[PDB]
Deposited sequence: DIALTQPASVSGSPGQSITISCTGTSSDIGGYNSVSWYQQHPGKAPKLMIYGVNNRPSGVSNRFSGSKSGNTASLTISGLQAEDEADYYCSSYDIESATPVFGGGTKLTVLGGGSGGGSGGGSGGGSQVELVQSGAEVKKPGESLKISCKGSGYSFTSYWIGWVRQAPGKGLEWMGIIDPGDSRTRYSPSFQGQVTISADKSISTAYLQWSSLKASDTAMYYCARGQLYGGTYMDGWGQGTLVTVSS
């Protein structure tokens, strides 16, 4: 779900510093270390740049840094490069609904771990669908699986989360009773499922692995499954 506010756009020349702000409440951003940042380039899955306010996963330059003050987190990019041109999303954990939330996204203009999802799907309204996502190179039960959708030209939304250990499952308020998320521990596979598709279900669907702490710390991402309904 989208419950955090970011500016639509931010601009800077190469070498300059820019700051993207992310505003929530005491029951998301306000919570201990409860902000992470995702970079999305055109046609690619989201990439974890920062978790826990200012932690960088290995293979992310020191040019990316984050801070938090009350209900406002901020991502600073120093020494801007052309490569930094992308959409940036903050995420937190909404303690009220007990699910991850995303910001609306900011467009920046410059002047072992493998998840494999099913191939693309072409369906008619009213048909069944089950998308799959197979994890490998890590203990499947040690990490939460998340499902994210982005409708074409729109932002990221968390649909739900599942603990593959005990199949304990929580959906975002807006996706409660619209969709079914499940896991088969024995074949390291997570599932997303519709009884009856509508035209509005047309979107890219991503599975991700990680922890719910650090504002939702999802460092592993599938390539995505395109679902077209007409």
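Check your understanding: What are the missing stretches of the deposited sequence, listed from start to end?
Key -> Counting from residue 1, the stretches without coordinates are 112 to 127, 247.
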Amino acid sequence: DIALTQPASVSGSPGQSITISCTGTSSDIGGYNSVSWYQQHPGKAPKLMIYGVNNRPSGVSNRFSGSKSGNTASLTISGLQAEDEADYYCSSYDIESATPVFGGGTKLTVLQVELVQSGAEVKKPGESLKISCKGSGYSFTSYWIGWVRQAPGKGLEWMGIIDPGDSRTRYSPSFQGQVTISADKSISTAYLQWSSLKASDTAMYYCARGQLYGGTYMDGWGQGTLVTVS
From here on, numbers count along this sequence of modelled residues.
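Point to revise | Between the two ranges 146 to 154 and 113 to 121, the one averaging a larger CA B factor in the entry | key: Between 113 to 121 and 146 to 154, it is 113 to 121.
Review point. Where do the C-alpha atoms have the higher mean temperature factor in this entry, in 99 to 107 or in 79 to 87?
Key: The entry gives the higher C-alpha B-factor average to 79 to 87.
Practice item. Using the entry's values, work out which of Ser21, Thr25, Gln16, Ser9 has the largest Cα B factor. Key: Max CA B-factor in the entry, restricted to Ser21, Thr25, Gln16, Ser9: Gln16.
Point to revise | Chain-wide C-alpha B factor ranking for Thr225, given as lowest, middle or highest third | key: Middle third - that is where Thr225 ends up once the chain's C-alpha B-factors are sorted.
Exercise for review: Would you please rank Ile2 by its C-alpha temperature factor against the other modelled residues of its chain and give the third it falls in: lowest, middle or highest?
Suggested key: It belongs to the highest third of the chain when residues are ordered by C-alpha B-factor.
Review point. Would the CA B-factor of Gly165 place it in the lowest, middle or highest third of its chain?
Key: Highest third of the chain for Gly165's C-alpha B-factor.
Review point. Going by the entry, which third of its chain does the Cα temperature factor of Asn71 land in?
Key: It falls in the bottom third of the chain.
Check your understanding: Looking at the C-alpha B-factor of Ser128, is it in the lowest, middle or highest third of its chain?
Key -> Its C-alpha B-factor, which the entry lists for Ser128, ranks in the highest third among residues of this chain.
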